[PDB]
$ cat my_file_13.pdb   # PDB, N, CA and C atoms
ATOM      1  N   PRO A   1      -8.050  38.993  26.797
ATOM      2  CA  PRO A   1      -7.820  40.057  25.804
ATOM      3  C   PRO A   1      -9.131  40.430  25.146
ATOM      4  N   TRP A   2      -9.096  41.495  24.373
ATOM      5  CA  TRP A   2     -10.186  41.887  23.493
ATOM      6  C   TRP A   2      -9.737  41.779  22.034
ATOM      7  N   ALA A   3     -10.708  41.814  21.142
ATOM      8  CA  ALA A   3     -10.470  41.656  19.727
ATOM      9  C   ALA A   3     -11.392  42.536  18.907
ATOM     10  N   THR A   4     -11.035  42.709  17.646
ATOM     11  CA  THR A   4     -11.825  43.467  16.684
ATOM     12  C   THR A   4     -12.361  42.497  15.639
ATOM     13  N   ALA A   5     -13.656  42.565  15.374
ATOM     14  CA  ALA A   5     -14.251  41.719  14.356
ATOM     15  C   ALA A   5     -13.712  42.076  12.986
ATOM     16  N   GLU A   6     -13.281  41.051  12.266
ATOM     17  CA  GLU A   6     -12.801  41.242  10.900
ATOM     18  C   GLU A   6     -13.927  41.106   9.886
ATOM     19  N   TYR A   7     -14.983  40.373  10.242
ATOM     20  CA  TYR A   7     -16.105  40.109   9.346
ATOM     21  C   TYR A   7     -17.353  40.123  10.197
ATOM     22  N   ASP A   8     -18.494  40.403   9.595
ATOM     23  CA  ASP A   8     -19.771  40.292  10.277
ATOM     24  C   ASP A   8     -20.006  38.831  10.650
ATOM     25  N   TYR A   9     -20.607  38.578  11.807
ATOM     26  CA  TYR A   9     -20.994  37.226  12.201
ATOM     27  C   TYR A   9     -22.432  37.270  12.646
ATOM     28  N   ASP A  10     -23.236  36.426  12.023
ATOM     29  CA  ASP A  10     -24.638  36.306  12.379
ATOM     30  C   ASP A  10     -24.871  35.080  13.238
ATOM     31  N   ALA A  11     -25.414  35.258  14.426
ATOM     32  CA  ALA A  11     -25.734  34.102  15.240
ATOM     33  C   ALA A  11     -26.706  33.183  14.524
ATOM     34  N   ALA A  12     -26.579  31.896  14.807
ATOM     35  CA  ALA A  12     -27.521  30.896  14.338
ATOM     36  C   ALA A  12     -28.094  30.119  15.512
ATOM     37  N   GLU A  13     -27.644  30.418  16.726
ATOM     38  CA  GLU A  13     -28.108  29.720  17.919
ATOM     39  C   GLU A  13     -28.252  30.731  19.034
ATOM     40  N   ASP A  14     -29.011  30.383  20.071
ATOM     41  CA  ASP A  14     -29.266  31.296  21.171
ATOM     42  C   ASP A  14     -28.035  31.626  21.992
ATOM     43  N   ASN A  15     -27.028  30.752  21.955
ATOM     44  CA  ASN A  15     -25.814  30.952  22.753
ATOM     45  C   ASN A  15     -24.695  31.700  22.026
ATOM     46  N   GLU A  16     -24.978  32.241  20.839
ATOM     47  CA  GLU A  16     -23.967  32.905  20.023
ATOM     48  C   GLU A  16     -24.120  34.410  20.022
ATOM     49  N   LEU A  17     -23.005  35.108  19.788
ATOM     50  CA  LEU A  17     -23.026  36.549  19.536
ATOM     51  C   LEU A  17     -23.406  36.825  18.092
ATOM     52  N   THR A  18     -23.848  38.043  17.866
ATOM     53  CA  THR A  18     -24.053  38.626  16.550
ATOM     54  C   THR A  18     -23.273  39.936  16.549
ATOM     55  N   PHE A  19     -22.470  40.197  15.532
ATOM     56  CA  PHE A  19     -21.692  41.415  15.488
ATOM     57  C   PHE A  19     -21.358  41.762  14.064
ATOM     58  N   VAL A  20     -20.836  42.969  13.853
ATOM     59  CA  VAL A  20     -20.423  43.407  12.529
ATOM     60  C   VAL A  20     -18.944  43.747  12.538
ATOM     61  N   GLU A  21     -18.349  43.777  11.354
ATOM     62  CA  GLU A  21     -16.969  44.145  11.165
ATOM     63  C   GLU A  21     -16.689  45.411  11.968
ATOM     64  N   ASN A  22     -15.549  45.419  12.639
ATOM     65  CA  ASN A  22     -15.077  46.515  13.468
ATOM     66  C   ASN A  22     -15.656  46.616  14.853
ATOM     67  N   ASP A  23     -16.667  45.829  15.171
ATOM     68  CA  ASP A  23     -17.112  45.764  16.557
ATOM     69  C   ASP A  23     -16.024  45.113  17.397
ATOM     70  N   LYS A  24     -15.908  45.526  18.645
ATOM     71  CA  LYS A  24     -14.976  44.933  19.582
ATOM     72  C   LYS A  24     -15.650  43.880  20.460
ATOM     73  N   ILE A  25     -14.940  42.789  20.694
ATOM     74  CA  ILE A  25     -15.401  41.696  21.540
ATOM     75  C   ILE A  25     -14.387  41.664  22.676
ATOM     76  N   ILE A  26     -14.866  41.754  23.904
ATOM     77  CA  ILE A  26     -14.017  41.904  25.072
ATOM     78  C   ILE A  26     -14.113  40.705  26.006
ATOM     79  N   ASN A  27     -13.174  40.614  26.935
ATOM     80  CA  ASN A  27     -13.137  39.538  27.927
ATOM     81  C   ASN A  27     -13.245  38.180  27.261
ATOM     82  N   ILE A  28     -12.404  37.967  26.269
ATOM     83  CA  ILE A  28     -12.429  36.712  25.548
ATOM     84  C   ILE A  28     -11.907  35.579  26.416
ATOM     85  N   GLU A  29     -12.627  34.469  26.361
ATOM     86  CA  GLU A  29     -12.300  33.258  27.079
ATOM     87  C   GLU A  29     -12.133  32.159  26.047
ATOM     88  N   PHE A  30     -10.970  31.516  26.068
ATOM     89  CA  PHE A  30     -10.585  30.559  25.043
ATOM     90  C   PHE A  30     -11.140  29.189  25.405
ATOM     91  N   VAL A  31     -12.451  29.050  25.316
ATOM     92  CA  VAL A  31     -13.113  27.831  25.774
ATOM     93  C   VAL A  31     -12.943  26.653  24.839
ATOM     94  N   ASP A  32     -12.605  26.903  23.583
ATOM     95  CA  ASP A  32     -12.420  25.865  22.580
ATOM     96  C   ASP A  32     -11.429  26.413  21.555
ATOM     97  N   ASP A  33     -10.909  25.551  20.669
ATOM     98  CA  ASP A  33      -9.967  25.973  19.637
ATOM     99  C   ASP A  33     -10.642  26.848  18.589
ATOM    100  N   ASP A  34     -11.866  26.492  18.214
ATOM    101  CA  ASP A  34     -12.574  27.129  17.104
ATOM    102  C   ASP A  34     -13.677  28.090  17.513
ATOM    103  N   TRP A  35     -14.095  27.994  18.762
ATOM    104  CA  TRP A  35     -15.166  28.813  19.281
ATOM    105  C   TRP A  35     -14.688  29.427  20.581
ATOM    106  N   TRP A  36     -14.843  30.743  20.702
ATOM    107  CA  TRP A  36     -14.466  31.468  21.885
ATOM    108  C   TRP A  36     -15.712  32.094  22.473
ATOM    109  N   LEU A  37     -15.627  32.434  23.744
ATOM    110  CA  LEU A  37     -16.673  33.145  24.433
ATOM    111  C   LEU A  37     -16.225  34.600  24.623
ATOM    112  N   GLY A  38     -17.124  35.549  24.434
ATOM    113  CA  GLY A  38     -16.774  36.925  24.687
ATOM    114  C   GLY A  38     -17.998  37.782  24.912
ATOM    115  N   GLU A  39     -17.743  39.060  25.118
ATOM    116  CA  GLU A  39     -18.760  40.047  25.412
ATOM    117  C   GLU A  39     -18.654  41.190  24.416
ATOM    118  N   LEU A  40     -19.755  41.633  23.840
ATOM    119  CA  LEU A  40     -19.644  42.785  22.959
ATOM    120  C   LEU A  40     -19.384  44.066  23.721
ATOM    121  N   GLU A  41     -18.407  44.837  23.265
ATOM    122  CA  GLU A  41     -18.198  46.151  23.830
ATOM    123  C   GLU A  41     -19.465  47.001  23.699
ATOM    124  N   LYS A  42     -20.164  46.882  22.581
ATOM    125  CA  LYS A  42     -21.223  47.861  22.330
ATOM    126  C   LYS A  42     -22.478  47.693  23.145
ATOM    127  N   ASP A  43     -22.743  46.499  23.676
ATOM    128  CA  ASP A  43     -24.003  46.266  24.368
ATOM    129  C   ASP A  43     -23.952  45.321  25.550
ATOM    130  N   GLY A  44     -22.796  44.753  25.877
ATOM    131  CA  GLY A  44     -22.734  43.857  27.019
ATOM    132  C   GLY A  44     -23.266  42.463  26.779
ATOM    133  N   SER A  45     -23.714  42.130  25.572
ATOM    134  CA  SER A  45     -24.205  40.768  25.290
ATOM    135  C   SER A  45     -23.017  39.810  25.302
ATOM    136  N   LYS A  46     -23.265  38.552  25.662
ATOM    137  CA  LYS A  46     -22.206  37.565  25.778
ATOM    138  C   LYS A  46     -22.598  36.330  25.025
ATOM    139  N   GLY A  47     -21.615  35.613  24.502
ATOM    140  CA  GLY A  47     -21.897  34.389  23.786
ATOM    141  C   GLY A  47     -20.701  33.862  23.038
ATOM    142  N   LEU A  48     -20.932  32.769  22.335
ATOM    143  CA  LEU A  48     -19.921  32.104  21.555
ATOM    144  C   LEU A  48     -19.809  32.696  20.164
ATOM    145  N   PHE A  49     -18.620  32.587  19.586
ATOM    146  CA  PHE A  49     -18.409  33.057  18.237
ATOM    147  C   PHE A  49     -17.229  32.305  17.660
ATOM    148  N   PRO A  50     -17.176  32.155  16.336
ATOM    149  CA  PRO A  50     -16.064  31.426  15.726
ATOM    150  C   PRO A  50     -14.831  32.300  15.759
ATOM    151  N   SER A  51     -13.733  31.731  16.244
ATOM    152  CA  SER A  51     -12.532  32.515  16.491
ATOM    153  C   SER A  51     -11.960  33.195  15.253
ATOM    154  N   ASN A  52     -12.140  32.606  14.074
ATOM    155  CA  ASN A  52     -11.567  33.196  12.879
ATOM    156  C   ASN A  52     -12.278  34.488  12.430
ATOM    157  N   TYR A  53     -13.375  34.877  13.074
ATOM    158  CA  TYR A  53     -14.041  36.125  12.712
ATOM    159  C   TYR A  53     -13.414  37.360  13.361
ATOM    160  N   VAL A  54     -12.461  37.189  14.269
ATOM    161  CA  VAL A  54     -11.868  38.322  14.982
ATOM    162  C   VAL A  54     -10.352  38.279  14.944
ATOM    163  N   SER A  55      -9.746  39.415  15.237
ATOM    164  CA  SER A  55      -8.312  39.552  15.379
ATOM    165  C   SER A  55      -8.019  40.244  16.713
ATOM    166  N   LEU A  56      -7.164  39.690  17.571
ATOM    167  CA  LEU A  56      -6.921  40.311  18.885
ATOM    168  C   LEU A  56      -6.401  41.737  18.728
ATOM    169  N   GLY A  57      -6.862  42.611  19.615
ATOM    170  CA  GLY A  57      -6.421  44.001  19.622
ATOM    171  C   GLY A  57      -6.977  44.814  18.475
ATOM    172  N   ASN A  58      -6.362  45.983  18.255
ATOM    173  CA  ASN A  58      -6.793  46.938  17.236
ATOM    174  C   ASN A  58      -6.253  46.566  15.863
TER     175      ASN A  58
END
$ encode --input "my_file_13.pdb" --output "structure tokens"
Amino acid sequence: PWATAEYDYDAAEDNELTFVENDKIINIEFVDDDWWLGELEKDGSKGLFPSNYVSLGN
């Protein structure tokens, strides 16, 4: 599925995404309970992000 960011998230590590509220994260992979892997719609970057920063769908 894809999701919409509810809050800005700033990466703190090289393997993380950085995004702002309302950005879409696509091709989500549920690799962990608290951290998911995804791809930004806006630029194709991929990485980990804390799951509570997004909400699936629109």
$ closest_atom_pairs --input "my_file_13.pdb" --of "segment 36-57 of chain A" --to "segment 4-27 of chain A" --cutoff "6.5 Å" --atoms "only N, CA and C atoms" --output "Markdown table"
| residue | atom | partner | partner_atom | distance |
| --- | --- | --- | --- | --- |
| A:37 | C | A:27 | C | 5.4 |
| A:38 | CA | A:27 | C | 4.5 |
| A:39 | C | A:26 | N | 3.9 |
| A:40 | CA | A:25 | CA | 4.6 |
| A:41 | N | A:24 | C | 4.0 |
| A:42 | N | A:24 | C | 5.8 |
| A:46 | C | A:17 | N | 5.4 |
| A:47 | C | A:17 | N | 4.2 |
| A:48 | N | A:16 | CA | 3.8 |
| A:49 | N | A:17 | N | 5.1 |
| A:53 | C | A:6 | N | 3.9 |
| A:54 | CA | A:6 | N | 4.1 |
| A:55 | C | A:4 | N | 4.0 |
| A:56 | C | A:4 | N | 4.9 |
| A:57 | N | A:4 | N | 4.6 |
$ select_by_dssp --input "my_file_13.pdb" --residues "chain A" --states "strand (DSSP E)" --output "PyMOL selection string"
chain A and resi 3-5+24-29+35-40+46-50+54-56
$ closest_residue --input "my_file_13.pdb" --among "A:58, A:45, A:51, A:28" --to "residue 1 of chain A" --atoms "only C-alpha atoms"
A:28
$ atom_distance --input "my_file_13.pdb" --atom1 "atom N of residue 31 of chain A" --atom2 "atom C of residue 43 of chain A"
19.9 Å
$ axis_aligned_box --input "my_file_13.pdb" --around "segment 31-34 of chain A" --padding-each-side "4 Å" --output "AutoDock Vina command-line options"
--center_x -11.8 --center_y 27.3 --center_z 21.4 --size_x 11.7 --size_y 11.5 --size_z 16.7
$ resolve_selection --input "my_file_13.pdb" --expression "the PyMOL selection byres ((chain A and resi 34) around 6.5)" --output "PyMOL selection string"
chain A and resi 32-33+35-36+49-52
